[PDB]
Every structure is written in structure tokens, then in C-alpha cells.
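Shown next: query.cif, given as mmCIF, C-alpha atoms and all ligand atoms.
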```cif
data_target
loop_
_atom_site.label_atom_id
_atom_site.label_comp_id
_atom_site.auth_asym_id
_atom_site.auth_seq_id
_atom_site.Cartn_x
_atom_site.Cartn_y
_atom_site.Cartn_z
CA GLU E 18 34.26 58.86 0.73
CA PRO E 19 34.78 60.87 3.97
CA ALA E 20 33.78 64.50 4.05
CA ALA E 21 36.28 67.05 2.81
CA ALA E 22 38.50 68.91 5.25
CA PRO E 23 37.27 72.42 6.20
CA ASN E 24 39.63 73.96 3.60
CA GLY E 25 38.09 71.88 0.80
CA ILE E 26 40.75 69.14 0.59
CA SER E 27 39.33 65.69 -0.24
CA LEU E 28 40.77 62.58 1.38
CA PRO E 29 43.28 61.04 -1.09
CA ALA E 30 41.83 57.74 -2.24
CA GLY E 31 43.93 54.61 -1.63
CA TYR E 32 46.62 56.31 0.44
CA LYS E 33 47.09 53.05 2.37
CA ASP E 34 48.70 51.65 -0.83
CA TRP E 35 51.28 54.44 -1.09
CA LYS E 36 55.01 53.73 -0.86
CA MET E 37 56.96 54.32 2.32
CA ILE E 38 59.07 57.46 2.86
CA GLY E 39 59.82 56.89 6.55
CA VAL E 40 58.67 56.09 10.08
CA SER E 41 58.77 57.92 13.41
CA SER E 42 57.71 57.89 17.04
CA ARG E 43 56.84 60.92 19.15
CA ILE E 44 57.78 60.53 22.80
CA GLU E 45 55.07 62.94 23.98
CA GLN E 46 52.38 61.28 21.85
CA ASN E 47 53.15 57.68 22.84
CA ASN E 48 52.69 56.66 19.20
CA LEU E 49 54.13 55.03 16.15
CA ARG E 50 53.93 56.70 12.76
CA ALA E 51 54.37 55.82 9.11
CA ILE E 52 55.10 58.45 6.47
CA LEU E 53 53.97 57.47 3.00
CA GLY E 54 53.74 59.48 -0.20
CA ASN E 55 52.00 59.47 -3.55
CA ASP E 56 54.14 58.67 -6.59
CA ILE E 57 55.18 62.32 -7.08
CA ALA E 58 56.18 62.65 -3.43
CA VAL E 59 58.09 59.38 -3.41
CA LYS E 60 60.04 60.31 -6.57
CA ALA E 61 60.81 63.71 -5.02
CA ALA E 62 61.89 62.20 -1.72
CA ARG E 63 64.20 59.69 -3.42
CA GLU E 64 65.81 62.24 -5.69
CA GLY E 65 66.15 64.91 -2.98
CA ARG E 66 63.77 67.29 -4.80
CA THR E 67 62.61 68.89 -1.57
CA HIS E 68 63.87 72.47 -1.99
CA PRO E 69 61.00 72.87 -2.66
CA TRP E 70 58.90 69.77 -2.95
CA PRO E 71 57.16 69.73 -6.38
CA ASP E 72 53.51 70.55 -6.97
CA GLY E 73 51.32 67.48 -6.74
CA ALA E 74 53.42 65.78 -4.02
CA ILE E 75 51.24 64.43 -1.23
CA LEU E 76 52.66 63.26 2.10
CA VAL E 77 50.64 61.23 4.58
CA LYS E 78 51.51 60.55 8.20
CA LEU E 79 49.62 57.68 9.79
CA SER E 80 49.61 57.44 13.59
CA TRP E 81 48.76 54.60 15.95
CA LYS E 82 48.84 54.44 19.73
CA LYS E 83 51.77 52.38 21.01
CA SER E 84 50.85 48.93 22.27
CA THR E 85 53.02 45.99 23.27
CA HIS E 86 53.35 42.60 21.72
CA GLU E 87 51.97 39.93 24.08
CA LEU E 88 54.65 37.43 22.90
CA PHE E 89 57.47 39.99 22.98
CA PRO E 90 56.81 42.80 25.47
CA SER E 91 59.74 45.02 24.41
CA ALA E 92 58.24 45.28 20.90
CA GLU E 93 56.23 48.49 20.65
CA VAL E 94 53.62 47.95 17.97
CA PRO E 95 50.50 49.69 16.61
CA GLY E 96 47.37 49.79 18.71
CA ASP E 97 44.38 51.97 17.83
CA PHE E 98 44.61 54.04 14.67
CA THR E 99 44.54 57.72 15.68
CA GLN E 100 44.74 59.81 12.49
CA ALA E 101 45.87 60.39 8.93
CA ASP E 102 47.63 63.71 8.36
CA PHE E 103 48.23 65.06 4.85
CA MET E 104 50.24 67.78 3.16
CA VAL E 105 49.34 68.50 -0.48
CA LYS E 106 51.91 70.59 -2.35
CA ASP E 107 50.46 73.41 -4.44
CA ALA E 108 52.75 76.41 -4.23
CA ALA E 109 50.24 78.92 -5.63
CA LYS E 110 46.99 77.48 -4.27
CA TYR E 111 48.33 77.14 -0.70
CA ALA E 112 50.81 80.01 -0.73
CA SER E 113 49.35 81.24 2.59
CA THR E 114 50.42 78.01 4.37
CA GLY E 115 53.94 77.46 2.96
CA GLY E 116 52.66 76.12 -0.35
CA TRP E 117 51.11 73.09 1.35
CA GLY E 118 47.47 72.11 1.82
CA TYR E 119 47.15 70.59 5.30
CA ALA E 120 44.38 68.17 6.26
CA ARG E 121 43.66 65.60 8.95
CA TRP E 122 41.12 62.81 9.31
CA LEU E 123 40.61 61.20 12.72
CA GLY E 124 40.44 57.52 13.53
CA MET E 125 38.85 54.56 11.80
CA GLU E 126 35.77 56.77 11.47
CA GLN E 127 37.71 59.25 9.30
CA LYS E 128 36.26 62.39 10.88
CA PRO E 129 37.56 65.63 9.30
CA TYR E 130 39.61 67.69 11.75
CA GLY E 131 39.36 71.41 12.34
CA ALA E 132 36.98 73.96 13.81
CA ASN E 133 36.80 76.05 10.62
CA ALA E 134 38.46 76.68 7.25
CA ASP E 135 41.43 78.31 9.04
CA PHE E 136 42.42 75.16 10.96
CA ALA E 137 45.76 74.77 9.11
CA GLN E 138 47.14 77.75 11.06
CA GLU E 139 47.62 75.23 13.90
CA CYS E 140 49.71 72.97 11.66
CA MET E 141 51.76 75.98 10.56
CA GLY E 142 52.45 76.86 14.21
CA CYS E 143 54.86 73.92 14.28
CA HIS E 144 55.66 73.43 10.56
CA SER E 145 56.93 77.03 10.31
CA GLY E 146 59.89 75.71 12.36
CA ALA E 147 60.77 73.54 9.36
CA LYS E 148 60.71 76.47 6.87
CA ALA E 149 64.35 75.83 5.85
CA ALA E 150 63.21 72.36 4.67
CA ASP E 151 60.08 73.60 2.83
CA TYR E 152 57.97 73.10 5.96
CA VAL E 153 58.58 69.32 6.06
CA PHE E 154 60.25 67.74 9.09
CA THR E 155 60.63 64.17 7.79
CA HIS E 156 64.01 63.20 6.36
CA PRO E 157 63.30 60.28 3.96
CA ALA E 158 64.62 57.07 5.51
CA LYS E 159 67.75 55.75 3.84
CA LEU E 160 67.45 52.54 1.82
CA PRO E 161 69.77 50.97 -0.77
CA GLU H 18 72.81 42.16 -7.46
CA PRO H 19 73.55 41.46 -3.77
CA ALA H 20 74.84 38.01 -2.96
CA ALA H 21 72.25 35.41 -2.03
CA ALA H 22 71.72 34.46 1.58
CA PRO H 23 73.53 31.32 2.86
CA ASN H 24 70.35 29.25 2.33
CA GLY H 25 70.15 30.30 -1.31
CA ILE H 26 67.42 32.97 -1.00
CA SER H 27 67.95 35.92 -3.33
CA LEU H 28 67.32 39.49 -2.17
CA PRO H 29 63.72 40.30 -3.32
CA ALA H 30 64.01 42.97 -6.00
CA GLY H 31 62.02 46.18 -5.58
CA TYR H 32 61.00 45.59 -1.96
CA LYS H 33 61.20 49.35 -1.29
CA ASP H 34 58.14 49.77 -3.51
CA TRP H 35 56.01 47.33 -1.51
CA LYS H 36 52.98 48.30 0.53
CA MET H 37 53.00 48.89 4.27
CA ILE H 38 51.79 46.21 6.68
CA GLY H 39 52.94 47.93 9.87
CA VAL H 40 55.61 49.64 11.94
CA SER H 41 57.38 48.86 15.21
CA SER H 42 60.09 49.91 17.63
CA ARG H 43 62.17 47.54 19.77
CA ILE H 44 63.14 49.08 23.09
CA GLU H 45 66.30 46.95 23.43
CA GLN H 46 67.41 47.56 19.83
CA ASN H 47 66.96 51.36 19.97
CA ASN H 48 65.46 51.23 16.50
CA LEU H 49 62.51 52.04 14.30
CA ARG H 50 61.13 49.46 11.90
CA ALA H 51 58.83 49.30 8.93
CA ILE H 52 57.09 46.08 7.92
CA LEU H 53 56.21 45.86 4.22
CA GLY H 54 54.93 42.92 2.19
CA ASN H 55 54.56 41.88 -1.41
CA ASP H 56 51.03 41.96 -2.75
CA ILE H 57 50.44 38.29 -1.83
CA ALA H 58 51.34 39.12 1.78
CA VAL H 59 49.37 42.41 1.76
CA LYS H 60 46.19 40.74 0.49
CA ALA H 61 46.54 38.02 3.14
CA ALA H 62 47.19 40.61 5.87
CA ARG H 63 44.18 42.73 4.89
CA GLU H 64 41.81 39.70 4.64
CA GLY H 65 43.13 38.10 7.85
CA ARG H 66 44.33 35.01 5.91
CA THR H 67 47.38 34.52 8.11
CA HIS H 68 46.57 31.04 9.51
CA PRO H 69 48.67 30.19 7.69
CA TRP H 70 50.02 32.91 5.45
CA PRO H 71 49.70 31.80 1.81
CA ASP H 72 52.63 30.45 -0.16
CA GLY H 73 54.42 33.23 -2.02
CA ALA H 74 53.80 35.85 0.71
CA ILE H 75 56.95 37.80 1.48
CA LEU H 76 57.28 39.99 4.55
CA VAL H 77 60.12 42.48 4.89
CA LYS H 78 61.20 44.27 8.07
CA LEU H 79 63.40 47.32 7.62
CA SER H 80 65.34 48.65 10.61
CA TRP H 81 67.03 51.98 11.29
CA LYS H 82 68.86 53.20 14.38
CA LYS H 83 66.82 55.75 16.30
CA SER H 84 67.93 59.35 15.95
CA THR H 85 66.29 62.59 17.09
CA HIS H 86 65.07 65.37 14.87
CA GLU H 87 67.33 68.43 15.17
CA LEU H 88 64.24 70.74 15.07
CA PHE H 89 61.93 68.63 17.26
CA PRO H 90 63.97 66.61 19.79
CA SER H 91 61.06 64.44 20.96
CA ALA H 92 60.55 63.07 17.43
CA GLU H 93 62.46 59.80 17.15
CA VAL H 94 63.30 59.32 13.50
CA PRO H 95 65.45 56.99 11.34
CA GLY H 96 69.20 57.29 11.38
CA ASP H 97 71.49 54.72 9.85
CA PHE H 98 69.91 51.82 7.98
CA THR H 99 70.82 48.60 9.77
CA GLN H 100 69.18 45.71 7.91
CA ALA H 101 66.45 44.20 5.76
CA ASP H 102 64.91 41.03 7.16
CA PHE H 103 62.73 38.75 5.02
CA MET H 104 60.42 35.83 5.46
CA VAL H 105 59.37 34.04 2.26
CA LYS H 106 56.41 31.67 2.70
CA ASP H 107 56.76 28.25 1.07
CA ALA H 108 55.15 25.66 3.28
CA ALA H 109 56.77 22.70 1.47
CA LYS H 110 60.22 24.09 0.57
CA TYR H 111 60.83 25.63 4.02
CA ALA H 112 58.96 23.03 6.09
CA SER H 113 62.04 22.67 8.34
CA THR H 114 61.84 26.34 9.40
CA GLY H 115 58.11 26.77 10.02
CA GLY H 116 57.23 27.02 6.34
CA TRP H 117 59.22 30.27 5.95
CA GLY H 118 62.48 31.05 4.25
CA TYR H 119 64.36 33.51 6.45
CA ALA H 120 67.05 35.88 5.14
CA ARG H 121 68.79 39.09 6.23
CA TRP H 122 70.90 41.62 4.37
CA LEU H 123 72.99 44.12 6.35
CA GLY H 124 73.26 47.85 5.78
CA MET H 125 73.43 49.99 2.68
CA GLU H 126 75.96 47.54 1.19
CA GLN H 127 73.42 44.70 1.44
CA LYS H 128 75.83 42.11 2.81
CA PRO H 129 74.13 38.74 3.41
CA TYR H 130 73.96 37.72 7.04
CA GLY H 131 74.77 34.31 8.46
CA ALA H 132 77.80 32.18 9.31
CA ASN H 133 76.58 29.20 7.26
CA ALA H 134 73.52 27.67 5.59
CA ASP H 135 72.00 26.89 9.01
CA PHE H 136 71.78 30.57 10.09
CA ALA H 137 67.94 30.62 10.11
CA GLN H 138 67.98 28.45 13.26
CA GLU H 139 68.76 31.71 15.11
CA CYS H 140 65.64 33.36 13.67
CA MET H 141 63.60 30.28 14.61
CA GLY H 142 64.89 30.58 18.21
CA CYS H 143 62.60 33.59 18.63
CA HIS H 144 59.98 33.04 15.91
CA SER H 145 59.08 29.63 17.37
CA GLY H 146 57.49 31.70 20.17
CA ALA H 147 55.01 32.83 17.49
CA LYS H 148 54.40 29.32 16.10
CA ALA H 149 50.66 29.48 16.84
CA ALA H 150 50.50 32.60 14.64
CA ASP H 151 52.37 30.88 11.80
CA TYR H 152 55.76 32.10 13.15
CA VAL H 153 54.83 35.77 12.50
CA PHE H 154 54.72 38.32 15.33
CA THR H 155 53.45 41.34 13.43
CA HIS H 156 49.76 42.17 13.70
CA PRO H 157 48.92 44.18 10.55
CA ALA H 158 48.26 47.80 11.51
CA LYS H 159 44.61 48.83 11.40
CA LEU H 160 43.56 51.32 8.77
CA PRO H 161 40.09 52.28 7.48
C1 LIG N 1 54.87 65.28 10.72
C2 LIG N 1 53.85 65.62 9.76
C3 LIG N 1 53.67 65.10 8.46
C4 LIG N 1 54.75 64.48 7.59
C5 LIG N 1 55.50 65.65 6.95
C6 LIG N 1 56.56 66.35 7.78
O1 LIG N 1 56.51 67.59 7.91
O2 LIG N 1 57.45 65.60 8.27
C7 LIG N 1 52.45 65.53 8.00
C8 LIG N 1 51.88 65.19 6.62
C9 LIG N 1 51.94 66.36 9.03
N1 LIG N 1 52.79 66.42 10.05
FE1 LIG N 1 52.79 67.92 11.53
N2 LIG N 1 54.55 67.07 12.34
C10 LIG N 1 55.25 67.61 13.36
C11 LIG N 1 56.52 67.02 13.43
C12 LIG N 1 57.61 67.52 14.36
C13 LIG N 1 56.56 66.01 12.50
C14 LIG N 1 57.79 65.13 12.25
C15 LIG N 1 58.07 64.10 13.41
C16 LIG N 1 57.03 63.02 13.40
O3 LIG N 1 57.00 62.21 12.46
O4 LIG N 1 56.26 62.97 14.38
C17 LIG N 1 55.31 66.08 11.84
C18 LIG N 1 54.75 68.59 14.26
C19 LIG N 1 53.46 69.18 14.26
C20 LIG N 1 52.95 70.06 15.27
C21 LIG N 1 53.70 70.56 16.46
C22 LIG N 1 53.12 70.21 17.85
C23 LIG N 1 51.67 70.34 14.91
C24 LIG N 1 50.69 71.23 15.62
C25 LIG N 1 51.41 69.63 13.72
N3 LIG N 1 52.49 68.89 13.32
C26 LIG N 1 50.20 69.70 13.02
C27 LIG N 1 49.92 69.07 11.77
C28 LIG N 1 48.72 69.26 11.03
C29 LIG N 1 47.59 70.22 11.39
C30 LIG N 1 46.20 69.58 11.36
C31 LIG N 1 48.86 68.45 9.88
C32 LIG N 1 47.84 68.18 8.78
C33 LIG N 1 50.12 67.88 9.96
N4 LIG N 1 50.77 68.24 11.10
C34 LIG N 1 50.72 67.05 8.99
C1 LIG N 2 60.03 40.74 13.17
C2 LIG N 2 60.45 40.07 12.01
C3 LIG N 2 59.85 40.14 10.71
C4 LIG N 2 58.43 40.52 10.36
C5 LIG N 2 57.51 39.31 10.51
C6 LIG N 2 57.12 39.03 11.95
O1 LIG N 2 57.31 37.89 12.45
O2 LIG N 2 56.61 39.95 12.60
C7 LIG N 2 60.73 39.53 9.84
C8 LIG N 2 60.53 39.35 8.36
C9 LIG N 2 61.76 39.05 10.66
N1 LIG N 2 61.59 39.37 11.98
FE1 LIG N 2 62.46 38.34 13.58
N2 LIG N 2 61.29 39.48 14.83
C10 LIG N 2 61.21 39.33 16.19
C11 LIG N 2 60.13 40.05 16.74
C12 LIG N 2 59.73 39.98 18.21
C13 LIG N 2 59.54 40.74 15.73
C14 LIG N 2 58.26 41.53 15.91
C15 LIG N 2 58.48 42.85 16.62
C16 LIG N 2 59.27 43.83 15.77
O3 LIG N 2 58.75 44.37 14.79
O4 LIG N 2 60.43 44.09 16.16
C17 LIG N 2 60.27 40.36 14.53
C18 LIG N 2 62.18 38.64 16.94
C19 LIG N 2 63.39 38.07 16.50
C20 LIG N 2 64.39 37.48 17.33
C21 LIG N 2 64.38 37.37 18.85
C22 LIG N 2 65.56 38.01 19.58
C23 LIG N 2 65.33 36.97 16.41
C24 LIG N 2 66.63 36.23 16.70
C25 LIG N 2 64.82 37.32 15.13
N3 LIG N 2 63.64 37.97 15.16
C26 LIG N 2 65.52 36.95 13.96
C27 LIG N 2 65.10 37.10 12.62
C28 LIG N 2 65.79 36.60 11.50
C29 LIG N 2 67.05 35.74 11.48
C30 LIG N 2 68.19 36.19 10.54
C31 LIG N 2 65.00 37.00 10.42
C32 LIG N 2 65.28 36.82 8.92
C33 LIG N 2 63.90 37.67 10.94
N4 LIG N 2 63.94 37.74 12.31
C34 LIG N 2 62.84 38.25 10.24
#
```
Now, as a test, write the supplied structure out as C-alpha cells.
Amino acid sequence: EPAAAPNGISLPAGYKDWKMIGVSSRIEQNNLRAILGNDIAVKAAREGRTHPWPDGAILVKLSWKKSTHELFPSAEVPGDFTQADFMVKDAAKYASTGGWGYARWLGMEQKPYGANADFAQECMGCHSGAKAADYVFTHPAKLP
Amino acid sequence: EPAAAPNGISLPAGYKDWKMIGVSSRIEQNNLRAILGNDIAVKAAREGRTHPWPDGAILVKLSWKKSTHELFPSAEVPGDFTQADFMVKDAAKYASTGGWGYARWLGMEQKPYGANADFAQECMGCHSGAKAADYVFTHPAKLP
């Protein structure tokens, strides 16, 4: 498997098979993103158990560069895979970063992100803004 | 159970638990979309067996109106759920519409779309542009 993140978090195996929580696009990143979760995170998302999210929930955000469909040029679609971002809920273990273990792996090569074991402070620079929602921006997409 | 589509196709049960094939955004629709598939479709997508897609593959496209995150205005995120669009592969049964059974259900109330049993001719009006790719536009997103 890929190397662990600098804070010791291992890449969750088989995350590409996880169920969908939502999707997004960031104007400044020129990307498309999928937000998936493990079974605990998906149950929590669906039942609104996000105040706080329960221990063991793992969220993944997958990002691709925007590209356009040759046969349909107004369709913005995934190009190159850029990264997999994770948040692992463990209120006690990760109390210093809002109860979440942050980790990122870059590209198809799955290179662990971060200069040192303190790298998650970057993530917290933005995710602190979402403190009222237990540090999670994503609102689970509505489905029947 | 939601009413069947005008061509007799029943709403696939449990589609929200299906694995991710990709995501998209249509500039003219002001939306965000997820593309999921049943496990027949997902295996085909991952192995590149999409010439043609195997019988029994079901693709679903879920659409939400774009909305912006209150805490991060440049993050385009799902608002209202607009529709679930399906293609069910059955080369023999749906030979008249490219080997796919098309069907759409609207909104959280899951109202079947289509004026009459011939509604899928609309879908074909665009999807015929993709005939050389077995009537499917989506290129499965790349993941490691
Ligand atoms: C999305 C994210 C997710 C999904 C959970 C969530 O909080 O919605 C993960 C697992 C993750 N990020 Fe964070 N991120 C930001 C925003 C606004 C969103 C929601 C909109 C969207 O889908 O794009 C996020 C913002 C930021 C940010 C501000 C510039 C930074 C610096 C980060 N994110 C950093 C990180 C991480 C540090 C390595 C990390 C593991 C993240 N994000 C995980
Ligand atoms: C996406 C779609 C999917 C996913 C499979 C695929 O072909 O990619 C389904 C199940 C579906 N649609 Fe079709 N559709 C169009 C385009 C360009 C894309 C790819 C880009 C994206 O993700 O947005 C599609 C185009 C059109 C179109 C041209 C204006 C029409 C009229 C339709 N689509 C119509 C239908 C349906 C008729 C009711 C139907 C069941 C569809 N699409 C299913």
C-alpha cells in the first residue's frame, strides 16, 4: 500500500468502493470533486449525526482537473486525478485538530502529502471556519 | 415504490448505495452530477469493457442544482435534487434505442418523466452523438 501520511494515518483500503455523500466543484481550483464515506460516515451523513460526527467515520474527497467532453463541450468532466483527501474521526486521538485525522495522497502515484507530522495545521487553517459543523464543510447531497 | 417509467422500466432499488463511476457539471444546466453504476457497470467501467457495455449494466446520473457554500463562496455544492437518470443495458430488449433502456425520475418525489412510451427518443436525440462509444458519454474517472 502507499506510505502512511506524516501523522501516521494509513491510506484507507478500497475507498474507491465507498458510497457517495456528495459532489462539488471549486472555482479557484478548476476541478471536480466527489465526497465519499466509509459505512460509518455514510450512516452518519444520512441520519444527520454530524454534531459531532461519530468516531470511526471517514470522509474522502477525490479531486480531478476539469476537462471537457469532446462530443459535448459544455460538459465539464474529470481529467487528471489530483488527490485523495481524508478526514478520520477520532475525537480523543485527534483532539488537537478538531477530533479529525487529516491526510492527503497525491495523484495516481499516491504520494503522501505534508512536509512533517504537523502538516494538518494547514487543513485546520480552513476547516476551523467550519467549526460550527464539526469542521466539515460538505452538506450531504439530498436523495430520496 | 415509485411508478414505473412510461416504457415499463422500474426505478432501480438501492441505487444510492452504488459505486461511483464519475462526476460532471453541465455549464448550461447550472448543475452538479454524480454518475454511479451497479456492480456489472462498475466492473465493465474499471476493466474498459464498454465496447459495448455488458447486458445488465445500469448507469445512474444524479443531478442537483448548483448552490454556493455559505462559508466558502467559491465552493459550488449541491442544492435541490433535480433528477435521477438511468440507462439499463439490454442489447436485445432495447435494440431500438441503442441497446439501452432509458428512464428518468424527477425530484425527491420520484415522479416518472415522459409524455408517453416513446419518451426515450428525446434521450436518443443526444446520445446518438455517442453511438460510437455505445451511446455513453461518460469516461469513467481515473483512480489508482
Ligand atoms: C473539503 C474537504 C473534505 C470533505 C470534508 C469537508 O470538510 O467537507 C476533506 C476530507 C478535506 N477537505 Fe479541506 N475543504 C475545503 C472546503 C471549503 C471544502 C468543501 C468544498 C469542496 O468540496 O471543495 C473541503 C477547504 C480547505 C482549505 C482551504 C483553502 C484547505 C487548506 C483544506 N481544505 C485542506 C485540507 C486538507 C489538508 C491536507 C485535508 C486532508 C482536507 N482539506 C480534507
Ligand atoms: C449523461 C447521461 C447518463 C450517464 C451515461 C452517459 O451517457 O454518460 C445517463 C444515465 C443519462 N444521461 Fe443523457 N447525457 C448527456 C450528456 C452530454 C451526458 C454526459 C455529460 C454529463 O454528465 O452531463 C449525459 C446528454 C443528454 C441530452 C442532450 C441535450 C439529452 C436530451 C439527454 N442526455 C437525455 C437523457 C435521458 C432522456 C430521458 C436519459 C434517461 C439520460 N439522458 C440518461
Fit chain E to chain H, all Cα atoms paired in order, least squares. Then write it as a CSV table (one decimal) with C-alpha atoms, in the frame of the given file.
```csv
chain,number,residue,atom,x,y,z
E,18,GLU,CA,72.1,42.4,-7.2
E,19,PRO,CA,73.5,41.4,-3.7
E,20,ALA,CA,74.7,37.9,-3.1
E,21,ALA,CA,72.1,35.3,-2.1
E,22,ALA,CA,71.6,34.4,1.5
E,23,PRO,CA,73.5,31.3,2.7
E,24,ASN,CA,70.2,29.2,2.2
E,25,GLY,CA,70.0,30.3,-1.4
E,26,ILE,CA,67.3,33.0,-1.0
E,27,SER,CA,67.8,36.0,-3.4
E,28,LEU,CA,67.2,39.5,-2.3
E,29,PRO,CA,63.6,40.4,-3.5
E,30,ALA,CA,64.0,43.1,-6.1
E,31,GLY,CA,62.2,46.5,-5.4
E,32,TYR,CA,61.1,45.7,-1.9
E,33,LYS,CA,61.4,49.4,-1.0
E,34,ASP,CA,58.3,49.9,-3.2
E,35,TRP,CA,56.2,47.3,-1.3
E,36,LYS,CA,53.0,48.4,0.6
E,37,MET,CA,53.0,48.9,4.3
E,38,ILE,CA,51.8,46.2,6.7
E,39,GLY,CA,52.9,47.9,9.9
E,40,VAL,CA,55.7,49.6,12.0
E,41,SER,CA,57.4,48.8,15.3
E,42,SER,CA,60.2,49.9,17.7
E,43,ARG,CA,62.2,47.5,19.8
E,44,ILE,CA,63.3,49.0,23.1
E,45,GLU,CA,66.4,46.9,23.4
E,46,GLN,CA,67.5,47.6,19.8
E,47,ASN,CA,67.0,51.4,20.0
E,48,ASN,CA,65.5,51.3,16.5
E,49,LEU,CA,62.5,52.1,14.3
E,50,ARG,CA,61.1,49.5,11.9
E,51,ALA,CA,58.8,49.3,8.9
E,52,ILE,CA,57.1,46.0,7.9
E,53,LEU,CA,56.2,45.9,4.3
E,54,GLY,CA,55.0,43.0,2.1
E,55,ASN,CA,54.8,41.9,-1.5
E,56,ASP,CA,51.3,41.9,-3.1
E,57,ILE,CA,50.5,38.4,-1.9
E,58,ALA,CA,51.5,39.2,1.7
E,59,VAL,CA,49.6,42.5,1.7
E,60,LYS,CA,46.4,40.8,0.4
E,61,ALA,CA,46.8,38.1,3.1
E,62,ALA,CA,47.4,40.6,5.8
E,63,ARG,CA,44.4,42.6,4.9
E,64,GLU,CA,42.1,39.7,4.6
E,65,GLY,CA,43.4,37.9,7.8
E,66,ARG,CA,44.7,35.0,5.8
E,67,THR,CA,47.5,34.3,8.3
E,68,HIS,CA,46.5,30.9,9.6
E,69,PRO,CA,48.7,30.1,7.7
E,70,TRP,CA,50.0,32.8,5.5
E,71,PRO,CA,49.8,31.7,1.8
E,72,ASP,CA,52.7,30.4,-0.3
E,73,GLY,CA,54.4,33.3,-2.1
E,74,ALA,CA,53.8,35.8,0.7
E,75,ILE,CA,57.0,37.8,1.5
E,76,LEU,CA,57.4,40.0,4.5
E,77,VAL,CA,60.2,42.5,4.9
E,78,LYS,CA,61.2,44.3,8.1
E,79,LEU,CA,63.4,47.3,7.6
E,80,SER,CA,65.3,48.7,10.6
E,81,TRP,CA,67.0,52.0,11.3
E,82,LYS,CA,68.8,53.3,14.3
E,83,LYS,CA,66.8,55.8,16.3
E,84,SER,CA,67.9,59.4,15.8
E,85,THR,CA,66.3,62.7,16.9
E,86,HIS,CA,64.9,65.5,14.8
E,87,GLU,CA,67.1,68.6,15.2
E,88,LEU,CA,64.0,70.8,14.9
E,89,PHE,CA,61.8,68.6,17.2
E,90,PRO,CA,63.9,66.6,19.7
E,91,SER,CA,61.0,64.4,20.9
E,92,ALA,CA,60.6,63.0,17.4
E,93,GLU,CA,62.4,59.8,17.1
E,94,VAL,CA,63.3,59.3,13.4
E,95,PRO,CA,65.4,57.0,11.3
E,96,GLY,CA,69.2,57.3,11.4
E,97,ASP,CA,71.5,54.7,9.8
E,98,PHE,CA,69.9,51.8,8.0
E,99,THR,CA,70.7,48.6,9.8
E,100,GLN,CA,69.1,45.7,7.9
E,101,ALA,CA,66.4,44.2,5.8
E,102,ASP,CA,64.9,41.0,7.2
E,103,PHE,CA,62.7,38.7,5.0
E,104,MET,CA,60.4,35.8,5.5
E,105,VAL,CA,59.4,34.0,2.3
E,106,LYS,CA,56.4,31.6,2.7
E,107,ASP,CA,56.8,28.2,1.1
E,108,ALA,CA,55.2,25.6,3.3
E,109,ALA,CA,56.9,22.6,1.6
E,110,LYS,CA,60.3,24.1,0.6
E,111,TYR,CA,60.9,25.6,4.1
E,112,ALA,CA,59.0,23.0,6.2
E,113,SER,CA,62.0,22.7,8.5
E,114,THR,CA,61.7,26.4,9.5
E,115,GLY,CA,58.0,26.8,10.0
E,116,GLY,CA,57.3,27.0,6.3
E,117,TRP,CA,59.2,30.3,6.0
E,118,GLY,CA,62.5,31.1,4.2
E,119,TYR,CA,64.4,33.5,6.5
E,120,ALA,CA,67.0,35.9,5.1
E,121,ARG,CA,68.8,39.1,6.2
E,122,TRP,CA,70.9,41.6,4.4
E,123,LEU,CA,72.9,44.1,6.4
E,124,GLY,CA,73.2,47.9,5.9
E,125,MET,CA,73.4,50.1,2.8
E,126,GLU,CA,76.0,47.6,1.7
E,127,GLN,CA,73.5,44.8,1.6
E,128,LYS,CA,75.8,42.1,3.1
E,129,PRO,CA,74.2,38.7,3.4
E,130,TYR,CA,73.9,37.6,7.0
E,131,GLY,CA,74.7,34.2,8.4
E,132,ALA,CA,77.7,32.0,9.2
E,133,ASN,CA,76.4,29.1,7.1
E,134,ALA,CA,73.3,27.6,5.4
E,135,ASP,CA,71.8,26.8,8.8
E,136,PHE,CA,71.7,30.5,10.0
E,137,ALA,CA,67.9,30.5,10.0
E,138,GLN,CA,67.9,28.4,13.2
E,139,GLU,CA,68.7,31.6,15.0
E,140,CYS,CA,65.6,33.3,13.6
E,141,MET,CA,63.6,30.3,14.6
E,142,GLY,CA,64.9,30.5,18.2
E,143,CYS,CA,62.6,33.6,18.6
E,144,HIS,CA,60.0,33.0,15.9
E,145,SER,CA,59.1,29.6,17.4
E,146,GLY,CA,57.5,31.7,20.1
E,147,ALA,CA,55.0,32.9,17.5
E,148,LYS,CA,54.1,29.4,16.3
E,149,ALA,CA,50.4,30.0,17.2
E,150,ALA,CA,50.4,32.9,14.6
E,151,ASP,CA,52.3,30.9,11.9
E,152,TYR,CA,55.6,32.1,13.2
E,153,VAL,CA,54.8,35.8,12.5
E,154,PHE,CA,54.8,38.3,15.4
E,155,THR,CA,53.5,41.4,13.5
E,156,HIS,CA,49.8,42.1,13.8
E,157,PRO,CA,48.9,44.2,10.6
E,158,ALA,CA,48.3,47.8,11.6
E,159,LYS,CA,44.7,48.8,11.5
E,160,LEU,CA,43.6,51.2,8.7
E,161,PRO,CA,40.2,52.2,7.4
```
(message) Distance limit 10 Å, atoms considered: only C-alpha atoms. Which chain E residues sit that close to chain H? Return them as a ChimeraX atom specification.
(response) /E:33-46,48-51,53,59,79-81,83-101,124-127,143,146-147,154-161
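Atom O2 of ligand LIG 2 (chain N) lies 4.5 Å from atom CA of residue 153 of chain H.
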(request) Name the closest residue to residue 73 of chain E among the candidates E:145, E:27, E:138, E:55; distances are taken between atoms, counting all atoms listed in the file. (result) E:55
(message) Restricting the calculation to all atoms listed in the file: of H:69, H:54, H:31, H:23, which residue gets closest to residue 137 of chain H?
(response)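 Among H:69, H:54, H:31, H:23, it is H:23 that comes nearest to residue 137 of chain H.
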(request) Report the distance between atom CA of residue 105 of chain H and atom CA of residue 119 of chain H in Å, rounded to one decimal place. (result)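 One can read the atom CA of residue 105 of chain H to atom CA of residue 119 of chain H distance as 6.5 Å.
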(message) When you count only C-alpha atoms, which of these residues is closest to residue 111 of chain E: E:133, E:67, E:47, E:24?
(response) E:24
(message) Just the number, please: distance in Å from atom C11 of ligand LIG 1 (chain N) to atom CA of residue 120 of chain E, one decimal.
(response)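 Pair atom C11 of ligand LIG 1 (chain N) / atom CA of residue 120 of chain E returns 14.1 Å.
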(request) Tell me which of H:108, H:20, H:141, H:123 sits closest to ligand LIG 2 (chain N), counting only C-alpha atoms and all ligand atoms. (result)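 Comparing H:108, H:20, H:141, H:123 against ligand LIG 2 (chain N), the winner is H:141.
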(request) Mind checking which residues fall within 9 Å of residue 61 of chain E, counting all atoms listed in the file, ignoring those fewer than 5 positions away in the same chain, and posting them as a ChimeraX atom specification? (result) /E:56,66-67,70-71,74
Edge lengths and centre in Å to one decimal, as JSON, is what I'm after for the box along x, y and z that holds all listed atoms of segment 117-131 of chain E once 6 Å is added on each side.
```
{"center_x": 43.4, "center_y": 63.8, "center_z": 7.4, "size_x": 27.3, "size_y": 30.5, "size_z": 24.2}
```
(request) Find, counting all atoms listed in the file, the residue in E:68, E:128, E:148, E:78 that gets nearest to ligand LIG 1 (chain N). (result)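 The answer is E:78, which sits nearest to ligand LIG 1 (chain N).
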